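Raw contents of coords30.cif, mmCIF, C-alpha atoms:
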```cif
data_structure
#
loop_
_atom_site.label_atom_id
_atom_site.label_comp_id
_atom_site.auth_asym_id
_atom_site.auth_seq_id
_atom_site.Cartn_x
_atom_site.Cartn_y
_atom_site.Cartn_z
CA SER A 5 18.25 80.43 82.68
CA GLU A 6 16.27 82.97 84.63
CA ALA A 7 13.58 80.27 84.79
CA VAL A 8 15.66 77.76 86.75
CA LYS A 9 16.93 80.44 89.10
CA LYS A 10 13.41 81.75 89.76
CA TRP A 11 12.15 78.22 90.47
CA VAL A 12 14.95 77.52 92.97
CA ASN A 13 14.43 80.93 94.56
CA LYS A 14 10.72 80.26 95.00
CA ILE A 15 11.46 77.02 96.81
CA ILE A 16 13.91 78.75 99.18
CA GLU A 17 11.74 81.81 99.80
CA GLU A 18 8.33 80.15 100.26
CA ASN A 19 9.58 77.49 102.73
CA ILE A 20 11.38 78.34 105.97
CA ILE A 21 13.25 75.01 105.74
CA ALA A 22 14.26 74.15 102.17
CA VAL A 23 16.22 70.98 101.34
CA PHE A 24 17.45 70.06 97.87
CA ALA A 25 18.04 66.31 97.64
CA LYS A 26 18.40 63.40 95.23
CA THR A 27 17.15 59.83 94.98
CA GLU A 28 18.47 57.19 97.44
CA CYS A 29 20.90 59.58 99.12
CA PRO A 30 21.93 58.53 102.66
CA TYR A 31 23.12 61.99 103.68
CA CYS A 32 19.99 63.62 102.31
CA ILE A 33 17.91 61.12 104.27
CA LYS A 34 19.93 61.75 107.43
CA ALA A 35 19.67 65.55 107.13
CA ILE A 36 15.92 65.42 106.49
CA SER A 37 15.45 63.04 109.42
CA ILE A 38 17.39 65.35 111.76
CA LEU A 39 15.21 68.26 110.69
CA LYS A 40 11.98 66.28 111.08
CA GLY A 41 13.22 65.37 114.56
CA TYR A 42 12.71 69.03 115.49
CA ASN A 43 9.09 68.63 114.28
CA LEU A 44 9.76 71.04 111.42
CA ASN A 45 7.63 69.10 108.93
CA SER A 46 5.01 71.82 108.52
CA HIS A 47 7.62 74.35 107.44
CA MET A 48 9.87 72.00 105.41
CA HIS A 49 9.99 71.39 101.68
CA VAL A 50 12.22 68.69 100.15
CA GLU A 51 12.88 68.93 96.40
CA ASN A 52 14.33 65.90 94.61
CA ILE A 53 16.42 67.63 91.94
CA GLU A 54 17.62 64.37 90.39
CA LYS A 55 14.03 63.76 89.22
CA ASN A 56 14.23 66.94 87.18
CA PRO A 57 15.32 67.63 83.57
CA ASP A 58 17.40 70.60 84.75
CA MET A 59 19.41 68.90 87.52
CA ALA A 60 22.74 70.29 86.35
CA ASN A 61 21.38 73.84 86.12
CA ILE A 62 19.92 73.53 89.61
CA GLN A 63 23.19 72.18 91.01
CA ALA A 64 25.21 74.95 89.35
CA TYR A 65 22.88 77.59 90.84
CA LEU A 66 23.08 75.95 94.27
CA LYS A 67 26.86 76.18 93.97
CA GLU A 68 26.59 79.88 93.09
CA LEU A 69 24.45 80.33 96.22
CA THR A 70 26.38 78.11 98.65
CA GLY A 71 29.83 77.16 97.29
CA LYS A 72 28.92 73.52 96.64
CA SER A 73 26.96 71.69 93.95
CA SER A 74 26.33 68.53 96.02
CA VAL A 75 23.08 67.53 97.70
CA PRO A 76 21.77 67.80 100.27
CA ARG A 77 21.72 71.60 100.15
CA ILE A 78 19.96 73.11 103.16
CA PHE A 79 18.56 76.64 103.63
CA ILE A 80 16.84 77.93 106.78
CA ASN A 81 14.92 81.23 106.40
CA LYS A 82 16.98 81.80 103.22
CA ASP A 83 20.26 81.47 105.16
CA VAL A 84 22.73 78.85 103.91
CA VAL A 85 23.23 75.99 106.33
CA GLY A 86 25.00 73.84 103.77
CA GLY A 87 25.15 70.04 103.66
CA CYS A 88 24.38 67.28 106.12
CA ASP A 89 27.82 67.62 107.75
CA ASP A 90 27.21 71.34 108.32
CA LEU A 91 23.82 70.47 109.81
CA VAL A 92 25.40 67.89 112.14
CA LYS A 93 27.95 70.45 113.36
CA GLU A 94 25.27 73.10 113.97
CA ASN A 95 23.05 70.55 115.70
CA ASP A 96 25.76 69.20 117.99
CA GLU A 97 27.02 72.70 118.86
CA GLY A 98 23.65 74.27 119.65
CA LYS A 99 23.55 76.58 116.62
CA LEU A 100 20.67 74.77 114.90
CA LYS A 101 18.45 74.99 117.97
CA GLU A 102 19.26 78.71 118.26
CA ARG A 103 18.34 79.21 114.59
CA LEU A 104 15.01 77.50 115.12
CA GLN A 105 14.26 79.34 118.36
CA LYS A 106 14.70 82.70 116.63
CA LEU A 107 12.11 81.54 114.07
CA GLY A 108 9.64 80.44 116.75
CA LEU A 109 9.90 76.91 115.39
CA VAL A 110 11.04 75.41 118.69
CA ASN A 111 10.28 76.57 122.21
#
```
Take the structure in the file and write it out as structure tokens.
Amino acid sequence: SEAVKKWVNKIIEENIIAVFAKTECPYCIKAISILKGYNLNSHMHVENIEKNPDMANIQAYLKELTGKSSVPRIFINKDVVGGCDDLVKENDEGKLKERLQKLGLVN
């Protein structure tokens, strides 16, 4: 499906911070909360792909893009961050803040 791929692409390209998530997902909630803690709300889009008829297609495409089909899947300025664990590593090690500084998202 070109359609599914184009829809996912639009989400990643039109939002600096793009998070693909599912319903009642602790790690999705944690990742989104960490990102909102940097006051990134205005440039964040969260897509619940479980509430979607094409969940499997979306997950397969996210795996083609990132190596994993699991949610959360996190992109920042179209770059692959990965899952919540990747986000936690970047956050603890200063990489996330550097990412956001280069985007003028954090002082």
Of the candidates A:102, A:83, A:96, A:51, which shows the shortest atom-to-atom distance to residue 27 of chain A, using all atoms listed in the file?
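Closest candidate: A:51.
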Return as JSON lines the residues of segment 59-80 of chain A lying at most 12 Å from segment 40-49 of chain A, together with the closest atom-to-atom pair for each and the distance in Å to one decimal, counting all atoms listed in the file, with rows in chain order and ascending residue number.
```
{"residue": "A:77", "atom": "CA", "partner": "A:49", "partner_atom": "CA", "distance": 11.8}
{"residue": "A:78", "atom": "CA", "partner": "A:49", "partner_atom": "CA", "distance": 10.2}
{"residue": "A:79", "atom": "CA", "partner": "A:48", "partner_atom": "CA", "distance": 10.0}
{"residue": "A:80", "atom": "CA", "partner": "A:48", "partner_atom": "CA", "distance": 9.3}
```
Rounded to one decimal place, report the atom CA of residue 61 of chain A-atom CA of residue 13 of chain A distance in Å.
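Atom CA of residue 13 of chain A lies 13.0 Å from atom CA of residue 61 of chain A.
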Taking into account only C-alpha atoms, which residue in the set A:68, A:97, A:89, A:17 is nearest to residue 32 of chain A?
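Of A:68, A:97, A:89, A:17, the one nearest residue 32 of chain A is A:89, counting only C-alpha atoms.
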Translate the PyMOL selection byres ((chain A and resi 8) around 9), as applied to the file shown, into an explicit residue set as a count of residues only.
12
Contacts of residue 104 of chain A at 10 Å (all atoms listed in the file; same-chain gap of 3+ positions) as a ChimeraX atom specification
/A:20-21,42,44,80-81,99-101,107-111
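What separates atom CA of residue 38 of chain A from atom CA of residue 66 of chain A is a distance of 21.2 Å.
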